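**Student:** Dumping the structure here so I can ask a few things about it.
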Amino acid sequence: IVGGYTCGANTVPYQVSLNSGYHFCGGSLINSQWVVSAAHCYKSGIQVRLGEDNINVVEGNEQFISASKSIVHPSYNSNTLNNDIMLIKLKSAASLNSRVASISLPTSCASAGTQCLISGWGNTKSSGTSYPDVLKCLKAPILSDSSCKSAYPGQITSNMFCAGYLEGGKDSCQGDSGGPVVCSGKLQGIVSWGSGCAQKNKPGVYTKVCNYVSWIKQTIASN
């Protein structure tokens with residue numbers, strides 16, 4: 001997260017870290033057994049880390065649970081990042097508490113201008129590299145689809161939306177991928193892609209979760 005703020009320990013209790021010997025992506029707990037992330041975060045041997053603040057220090061509220069299965073969206077296209085969504089099942093159910101909590105799925109899209117919370121452990125610099133140990137947060141508004149498509153001509157599908165600031169300086173970044181965009185108490189987005197980070201007229205692009213709720217519910221119920 002570039003241009004954000006320190007969230008505060010466990011203030012985003014649905015935020016998970018995906019770990020394969022190191023943090024590599026975020027995700028969101030949607031029920032005690034299931035995490036949603038980005039398809040481009042797929043790999044084998046994922047351990048889900050819940051209740052994290054400092055990802056480098058055991059602080060006492062963590063749950064580390066291996067994934068039993070990963071399901072990439074059937075239509076995921078790694079060339080265009082269309083349908084950049086995947087589900088991860090926990091080998092054992094997470095223990096829900098004040099610091100480990102699920103985030104509700106949306107019933108409809110969110111309007112342009114709605115304020116959202118984006119979070120993750122990704123790079124905090126727009127030109128250099130500096131990775132934080134504690135969770136970072138950003139309030140960012142949903143941008144109009146027209147401004148999103150104007151910024152990325154030929155590359156935005158109906159399964160993507162933009163959020164952030166056209167003036168630059170505030171954006172998600174590498175290492176935030178797969179993490180949440182939450183608006184009005186619902187998981188509206190997944191950190192997906194963008195042109196650099198926090199650059200002018202190149203806002204963050206996010207998977208449009210509301211388009212996938214039917215697939216999420218059917219897939220979880222069958223797996």
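If you're wondering about the labels, chains in the structure tokens are A, B, ... by order shown, residues count from 1 in each chain, ligands from 1 in order shown.
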Please list as an MDAnalysis selection string every residue within 8 Å of residue A:33, counting only C-alpha atoms and excluding residues in the same chain fewer than 2 positions away.
**Tutor:** chainID A and resid 30:31 35 89:94
**Student:** Taking N, CA, C and O atoms for each residue, export the selection above as a PDB file, in the first residue's frame.
**Tutor:**
```pdb
ATOM      1  N   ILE A  30     -14.007 -15.453   4.030  1.00  0.00           N
ATOM      2  CA  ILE A  30     -15.431 -15.288   3.746  1.00  0.00           C
ATOM      3  C   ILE A  30     -16.319 -16.212   4.569  1.00  0.00           C
ATOM      4  O   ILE A  30     -17.512 -15.918   4.721  1.00  0.00           O
ATOM      5  N   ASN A  31     -15.788 -17.306   5.092  1.00  0.00           N
ATOM      6  CA  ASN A  31     -16.428 -18.042   6.175  1.00  0.00           C
ATOM      7  C   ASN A  31     -15.329 -18.822   6.882  1.00  0.00           C
ATOM      8  O   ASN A  31     -14.153 -18.716   6.530  1.00  0.00           O
ATOM      9  N   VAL A  35     -11.293 -18.844   2.022  1.00  0.00           N
ATOM     10  CA  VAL A  35     -10.666 -17.566   1.721  1.00  0.00           C
ATOM     11  C   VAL A  35     -10.836 -17.275   0.229  1.00  0.00           C
ATOM     12  O   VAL A  35     -10.754 -18.184  -0.609  1.00  0.00           O
ATOM     13  N   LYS A  89      -9.585 -23.333   0.297  1.00  0.00           N
ATOM     14  CA  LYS A  89     -10.229 -23.987   1.429  1.00  0.00           C
ATOM     15  C   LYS A  89      -9.197 -24.276   2.509  1.00  0.00           C
ATOM     16  O   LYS A  89      -8.081 -24.713   2.215  1.00  0.00           O
ATOM     17  N   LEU A  90      -9.583 -24.015   3.754  1.00  0.00           N
ATOM     18  CA  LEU A  90      -8.736 -24.283   4.909  1.00  0.00           C
ATOM     19  C   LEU A  90      -8.848 -25.747   5.321  1.00  0.00           C
ATOM     20  O   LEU A  90      -9.944 -26.316   5.362  1.00  0.00           O
ATOM     21  N   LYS A  91      -7.705 -26.357   5.644  1.00  0.00           N
ATOM     22  CA  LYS A  91      -7.699 -27.766   6.029  1.00  0.00           C
ATOM     23  C   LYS A  91      -8.492 -28.005   7.306  1.00  0.00           C
ATOM     24  O   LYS A  91      -9.077 -29.080   7.482  1.00  0.00           O
ATOM     25  N   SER A  92      -8.521 -27.032   8.202  1.00  0.00           N
ATOM     26  CA  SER A  92      -9.407 -27.049   9.355  1.00  0.00           C
ATOM     27  C   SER A  92     -10.052 -25.678   9.472  1.00  0.00           C
ATOM     28  O   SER A  92      -9.479 -24.670   9.048  1.00  0.00           O
ATOM     29  N   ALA A  93     -11.256 -25.639  10.031  1.00  0.00           N
ATOM     30  CA  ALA A  93     -11.978 -24.381  10.141  1.00  0.00           C
ATOM     31  C   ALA A  93     -11.236 -23.416  11.056  1.00  0.00           C
ATOM     32  O   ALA A  93     -10.703 -23.808  12.102  1.00  0.00           O
ATOM     33  N   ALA A  94     -11.176 -22.151  10.642  1.00  0.00           N
ATOM     34  CA  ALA A  94     -10.640 -21.110  11.504  1.00  0.00           C
ATOM     35  C   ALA A  94     -11.533 -20.934  12.726  1.00  0.00           C
ATOM     36  O   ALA A  94     -12.741 -21.182  12.680  1.00  0.00           O
TER      37      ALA A  94
END
```
**Student:** Considering only C-alpha atoms, return as a PyMOL selection string whatever protein or nucleic-acid residues lie within 9 Å of stretch 166-170 of chain A, sequence-local ones (same chain, fewer than 4 positions apart) excluded.
**Tutor:** chain A and resi 1-4+126+138+140+143+147+151+197-203
**Student:** Within 12 Å of residue A:174, counting only C-alpha atoms, which residues show up once you throw out same-chain ones fewer than 5 positions away? Write them as an NGL selection string, please.
**Tutor:** :A and (1-2 or 23-26 or 40-41 or 119-132 or 179 or 191-198 or 204)
**Student:** With N, CA and C atoms kept, could you save the residues just selected as a compact mmCIF listing (two decimals), in the first residue's frame?
**Tutor:**
```txt
# COMPACT_ATOMS: atom_id res chain seq x y z
N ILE A 1 0.86 -1.18 0.00
CA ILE A 1 0.00 0.00 0.00
C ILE A 1 0.89 1.23 0.00
N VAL A 2 0.72 2.10 -0.99
CA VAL A 2 1.47 3.35 -1.09
C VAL A 2 0.57 4.49 -0.63
N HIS A 23 5.46 -14.20 3.07
CA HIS A 23 4.23 -13.59 2.58
C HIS A 23 4.34 -13.30 1.08
N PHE A 24 3.33 -13.71 0.31
CA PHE A 24 3.32 -13.40 -1.12
C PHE A 24 2.04 -12.77 -1.65
N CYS A 25 0.94 -12.80 -0.91
CA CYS A 25 -0.32 -12.24 -1.39
C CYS A 25 -1.23 -12.10 -0.19
N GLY A 26 -2.27 -11.27 -0.35
CA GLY A 26 -3.34 -11.20 0.61
C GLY A 26 -4.51 -12.08 0.22
N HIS A 40 -4.19 -14.78 -9.83
CA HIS A 40 -2.77 -14.63 -10.15
C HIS A 40 -1.87 -14.90 -8.95
N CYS A 41 -2.45 -15.08 -7.76
CA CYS A 41 -1.73 -15.47 -6.57
C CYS A 41 -1.62 -16.98 -6.43
N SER A 119 -6.39 -2.93 1.97
CA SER A 119 -5.37 -3.26 2.96
C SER A 119 -4.41 -4.33 2.44
N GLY A 120 -3.21 -4.34 3.01
CA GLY A 120 -2.25 -5.38 2.69
C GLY A 120 -0.86 -5.06 3.20
N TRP A 121 0.05 -6.02 2.96
CA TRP A 121 1.45 -5.96 3.37
C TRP A 121 2.38 -5.70 2.19
N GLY A 122 1.87 -5.13 1.11
CA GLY A 122 2.68 -4.89 -0.06
C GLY A 122 3.58 -3.68 0.07
N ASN A 123 4.35 -3.45 -1.00
CA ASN A 123 5.30 -2.35 -1.07
C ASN A 123 4.63 -1.02 -0.73
N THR A 124 5.34 -0.18 0.03
CA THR A 124 4.82 1.14 0.40
C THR A 124 5.42 2.27 -0.43
N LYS A 125 6.25 1.97 -1.42
CA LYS A 125 6.87 3.01 -2.23
C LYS A 125 6.43 2.92 -3.69
N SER A 126 6.30 4.09 -4.31
CA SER A 126 5.85 4.22 -5.69
C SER A 126 6.99 4.12 -6.71
N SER A 127 8.23 4.34 -6.29
CA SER A 127 9.37 4.14 -7.18
C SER A 127 10.37 3.13 -6.65
N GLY A 128 10.61 3.11 -5.34
CA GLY A 128 11.51 2.15 -4.73
C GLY A 128 10.79 0.92 -4.22
N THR A 129 11.46 0.22 -3.31
CA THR A 129 10.91 -0.97 -2.66
C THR A 129 11.12 -0.86 -1.16
N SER A 130 10.02 -0.89 -0.41
CA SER A 130 10.09 -1.03 1.05
C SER A 130 8.86 -1.80 1.49
N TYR A 131 9.08 -2.93 2.14
CA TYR A 131 7.97 -3.78 2.54
C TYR A 131 7.72 -3.66 4.03
N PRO A 132 6.48 -3.41 4.43
CA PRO A 132 6.18 -3.20 5.84
C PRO A 132 6.00 -4.53 6.55
N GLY A 179 -5.73 -9.27 -1.84
CA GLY A 179 -6.36 -8.74 -0.65
C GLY A 179 -7.65 -7.99 -0.94
N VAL A 191 -7.56 -7.05 -4.84
CA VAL A 191 -6.42 -6.37 -5.44
C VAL A 191 -5.92 -7.20 -6.61
N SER A 192 -5.94 -6.61 -7.81
CA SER A 192 -5.65 -7.36 -9.04
C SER A 192 -4.44 -6.83 -9.80
N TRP A 193 -4.48 -5.61 -10.34
CA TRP A 193 -3.36 -5.13 -11.15
C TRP A 193 -3.40 -3.61 -11.23
N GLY A 194 -2.44 -3.06 -11.96
CA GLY A 194 -2.34 -1.63 -12.18
C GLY A 194 -1.03 -1.34 -12.87
N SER A 195 -0.87 -0.09 -13.28
CA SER A 195 0.34 0.36 -13.96
C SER A 195 1.27 0.96 -12.92
N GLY A 196 2.34 0.23 -12.60
CA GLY A 196 3.13 0.67 -11.47
C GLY A 196 2.25 0.74 -10.23
N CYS A 197 2.58 1.68 -9.35
CA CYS A 197 1.79 1.94 -8.16
C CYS A 197 1.76 3.43 -7.90
N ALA A 198 0.57 3.95 -7.60
CA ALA A 198 0.38 5.35 -7.22
C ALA A 198 0.80 6.33 -8.32
N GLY A 204 -5.64 1.93 -9.34
CA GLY A 204 -5.66 0.49 -9.11
C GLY A 204 -6.86 -0.16 -9.78
```
**Student:** Would you work out the distance separating atom CA of residue A:53 from atom CA of residue A:100, expressed in Å to one decimal?
**Tutor:** 11.3 Å
**Student:** Quote the spacing between atom CA of residue A:154 and atom CA of residue A:80 in Å to one decimal place.
**Tutor:**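 Interatomic distance, atom CA of residue A:154 to atom CA of residue A:80: 10.1 Å.
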**Student:** Can you measure atom CA of residue A:188 to atom CA of residue A:82 for me? One decimal in Å is fine.
**Tutor:**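 Result for atom CA of residue A:188 versus atom CA of residue A:82: 15.8 Å, one decimal.
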**Student:** Of the candidates A:114, A:159, A:223, A:172, which one gets nearest to residue A:144 if we count only C-alpha atoms?
**Tutor:**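 Of A:114, A:159, A:223, A:172, the one nearest residue A:144 is A:114, counting only C-alpha atoms.
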